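**Q** Pasting the sequence and an experimental structure:
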Amino acid sequence: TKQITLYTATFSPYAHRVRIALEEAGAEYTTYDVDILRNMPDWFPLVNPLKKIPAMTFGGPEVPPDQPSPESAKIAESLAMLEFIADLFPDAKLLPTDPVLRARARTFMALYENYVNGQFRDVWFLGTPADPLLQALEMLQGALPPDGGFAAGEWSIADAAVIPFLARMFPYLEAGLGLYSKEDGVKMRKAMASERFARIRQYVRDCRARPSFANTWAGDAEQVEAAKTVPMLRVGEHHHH
Amino acid sequence: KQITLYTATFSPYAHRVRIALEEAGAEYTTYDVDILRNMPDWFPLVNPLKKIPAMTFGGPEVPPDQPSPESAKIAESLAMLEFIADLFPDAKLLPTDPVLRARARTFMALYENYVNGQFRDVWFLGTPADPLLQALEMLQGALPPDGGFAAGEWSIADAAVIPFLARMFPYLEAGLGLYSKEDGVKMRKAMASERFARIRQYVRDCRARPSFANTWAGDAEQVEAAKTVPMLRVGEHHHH
Ligand SMILES: [Ca+2]
Ligand SMILES: [Ru+3]
């Protein structure tokens, strides 16, 4: 019955991970928006000294989110939060019970974190070449079960970890958001619509169809608008190679 | 079910998993792979990513250089750590309390997300050491200040991190890595200063456990194995 408060921002795929998991858990929780990139509140380092979103408080006396209590546990890092929610709500089966299937989930999260996430960041924020991102996405696609289903078969926190980024890619590309070149925008849009990426399109549709996604997504147009507020997405700048 | 870990002495990522297997009291086989200079043509059958460590689980007992298509192939060292914890619950490789478990997962993410890349920049590119020392101070601050491991009791979080911290000191003393002598001196002084007393206690506490002693070749031996790593460019240093 200990309280959960998630500090969030609409643009953030990392916060989105945790909202998805909390929905799948059936948890009671509070969200509180934080303008982390333009106007961080003076109290925010009390809930996350790293000064990043998401931040989570757990337990302690019930207080307004902008008056955080010293008594609540302060939990940082979205993948730690995903495992925490699985630990708190074992009856929700947010991970498999079989160790090998659980490892498929953990491996999928590590493949995304270690080989895809940095490519999304670099292509979008630095305009680095798109081909290494497409290669890493093909690798990640290859880890999915071939016939359908989610990363570990049944839905798990591995799918909460990955869908926020994949689901943003398609509308961001269509809206021309990102510092990559025109040439690489075309390349990416064609690749992601090609037979090469049919399996990951099915995966994105299957994850997006769940209520946990519908109830935590502002809508494509609204997410695009939130992304336009991000200082690092400098409108009118592109990098070419 | 059998466990085989494909390993290499120089590798801190493989080292993570050896430590956890020792703490679990698991029965397992290790098999060295010259992954950076002479990868066997069968190795992509155990890990298509072509990285160490690799792990097979179950299947028929076969020699490690003839892996079975029937064994489960597990990739990524942190996934292996959580796997071992799931396989050996009586070994208590994670806390049982959710908040203490989250401390362990957070500590692992802090290392992966903030510290490892700084070690890579400094050792492989010779970029300035100050951001690395800053990141190490942050990680140090996540430890319980008065003593203990990352989550209190020992856990896989400490398996995840000690291979990298333990290599830092003898690599610095050997001058191995692309950083300049000037930054080498600076790092050695900083890591001996009261600024970093807490992380020195942490390294001592982790190194003192049998799981470290039994998976460490010795400082001089580990330095010699690291000199075989192409990206450490033995004899080479970048300046300013
Ligand atoms: Ca496959
Ligand atoms: Ru390496």
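**A** Noted; the coordinates are in hand. Numbers count the residues shown, from 1 in each chain, chains lettered A, B, ... in the order given. Ligands and ions are numbered 1, 2, ... in the order given.

**Q** wait, residue A:136 sits on residue A:116?
**A** Yes - here residue A:136 reaches residue A:116: they are 4.6 Å apart, a contact under Cβ atoms under 8 Å. Using the backbone N, CA and C atoms, a C-beta is placed for each residue, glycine as well.

**Q** which residues touch the residue lying farthest from the centre of chain A?
**A** Going by Cα atoms, centre = their mean, the residue of chain A most distant from its centre is residue A:61, 29.0 Å out. With contacts defined as Cβ atoms under 8 Å, 6 or more residues apart in numbering or on different chains, the neighbours of residue A:61 are A:69, A:71.

**Q** Can you check the distance spanned by stretch A:33-49, start to finish?
**A** End-to-end span of stretch A:33-49 (Cα to Cα, to the nearest Å): 17 Å.

**Q** er, stretch A:234-241 I mean
**A** 18 Å.

**Q** which residues are in contact with that stretch?
**A** Against stretch A:234-241 from outside (Cβ under 8 Å, 6+ apart): A:126-129, A:179-183, A:228.

**Q** make it 7 Å
**A** A:126-127, A:129, A:179-181 (Cβ atoms under 7 Å, 6 or more residues apart in numbering or on different chains).

**Q** just how off-centre is it within its chain?
**A** Relative to the chain's own centre, stretch A:234-241 is displaced by 24 Å; criterion: Cα atoms, centre = their mean, to the nearest Å.

**Q** can you check stretch A:119-127 too?
**A** Worked out by Cα atoms, centre = their mean, stretch A:119-127 lies 15 Å from the chain centre.

**Q** Check which residues of that stretch are buried.
**A** Of the residues in stretch A:119-127, A:119-120, A:122-125, A:127 count as buried by neighbour count, 16 or more other Cβ atoms under 10 Å in any protein chain shown.

**Q** So which other helices or strands are in contact with the lengthiest helix in chain A?
**A** Under DSSP state H, the helix in chain A containing the largest number of residues is helix A:157-174. Applying 3 or more Cβ pairs under 7 Å, 6 or more residues apart in numbering or on different chains; DSSP states H and E, one finds that helix A:157-174 contacts helix A:13-25, helix A:78-88, helix A:99-111, helix A:182-193, helix A:198-208, helix A:220-228.

**Q** TSV for these, including mean neighbour count and distance to chain B?
**A** Shown next, in TSV, are the helices and strands packed on helix A:157-174 (neighbours: other Cβ atoms under 10 Å in any protein chain shown; distance: least, Cβ to the nearest Cβ, whole Å):
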stretch	mean neighbour count	distance to chain B
helix A:13-25	24	11
helix A:78-88	24	4
helix A:99-111	23	4
helix A:182-193	16	21
helix A:198-208	17	16
helix A:220-228	15	22
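
**Q** Generate TSV for those helices, with distance to residue A:174 as supplementary columns.
**A** Converted to TSV, the helices and strands packed on helix A:157-174 look like this (distance: least, Cβ to Cβ, whole Å):
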stretch	distance to residue A:174
helix A:13-25	17
helix A:78-88	26
helix A:99-111	26
helix A:182-193	7
helix A:198-208	14
helix A:220-228	8
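
**Q** Compare the ones you listed and report which one is nearest to residue A:151.
**A** Checking those against residue A:151 by Cβ to Cβ gives helix A:99-111 as the closest, at 4.0 Å.

**Q** follow-up on the earlier one: could you tell me which of the buried residues of stretch A:119-127 are located in helices?
**A** Using DSSP H, the buried residues of stretch A:119-127 in helices are A:119-120.

**Q** Nearest to chain B among the buried residues of stretch A:119-127?
**A** residue A:122 (12.6 Å; Cβ to the nearest Cβ).

**Q** wait, isn't that closest one in contact with residue A:128?
**A** Yes - counting by Cβ atoms under 7 Å, residue A:128 is a contact partner of residue A:122 at 4.1 Å.

**Q** what's the burial count for residue A:63?
**A** Applying other Cβ atoms under 10 Å in any protein chain shown, we find 14 residues neighbouring residue A:63.

**Q** How about the secondary structure of it?
**A** Here residue A:63 is recorded as coil under DSSP: H, G, I helix; E, B strand; the rest coil.

**Q** Tell me if residue A:5 really is in a strand.
**A** Yes - using three-state DSSP, the assignment for residue A:5 is a strand.

**Q** what's the domain layout of chain A?
**A** According to curated CATH domains, chain A comprises the domains A:1-97, A:98-241.

**Q** Does residue A:57 touch residue A:72 like I think?
**A** Yes - taking contacts as Cβ under 7 Å, residue A:57 lies within contact range of residue A:72: 3.9 Å.

**Q** Looking at these two, which has the bigger crowd around it?
**A** residue A:57 (25 against 21).

**Q** Name every strand pairing with the strand or helix carrying the more buried one and say which way it goes.
**A** Using DSSP states H and E, residue A:57 sits within strand A:55-58. Partners of strand A:55-58 in the sheet, by DSSP bridges, are strand A:4-8 (antiparallel), strand A:73-76 (antiparallel).

**Q** would you turn those into JSON lines with mean neighbour count and distance to residue A:173?
**A** Below are the strands paired with strand A:55-58 laid out as JSON lines (neighbours: other Cβ atoms under 10 Å in any protein chain shown; distance: least, Cβ to Cβ, whole Å):
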{"stretch": "strand A:4-8", "mean neighbour count": "23", "distance to residue A:173": "24"}
{"stretch": "strand A:73-76", "mean neighbour count": "20", "distance to residue A:173": "31"}
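
**Q** Give me the contacts around stretch A:107-126.
**A** By Cβ under 7 Å, 6+ apart, the surrounding residues in contact with stretch A:107-126 are A:79, A:128, A:130, A:132-133, A:136-137, A:139-140, A:143, A:151, A:158, A:161-162, A:165, A:178-180, A:232, A:239, B:74-76, B:78-79.

**Q** got it, and stretch A:15-33?
**A** Taking Cβ under 7 Å, 6+ apart as the rule, stretch A:15-33 contacts A:4-9, A:53-54, A:65, A:78, A:81-82, A:85, A:89, A:92, A:94, A:157, A:160-161, A:163-164, A:211-213, A:215-216.
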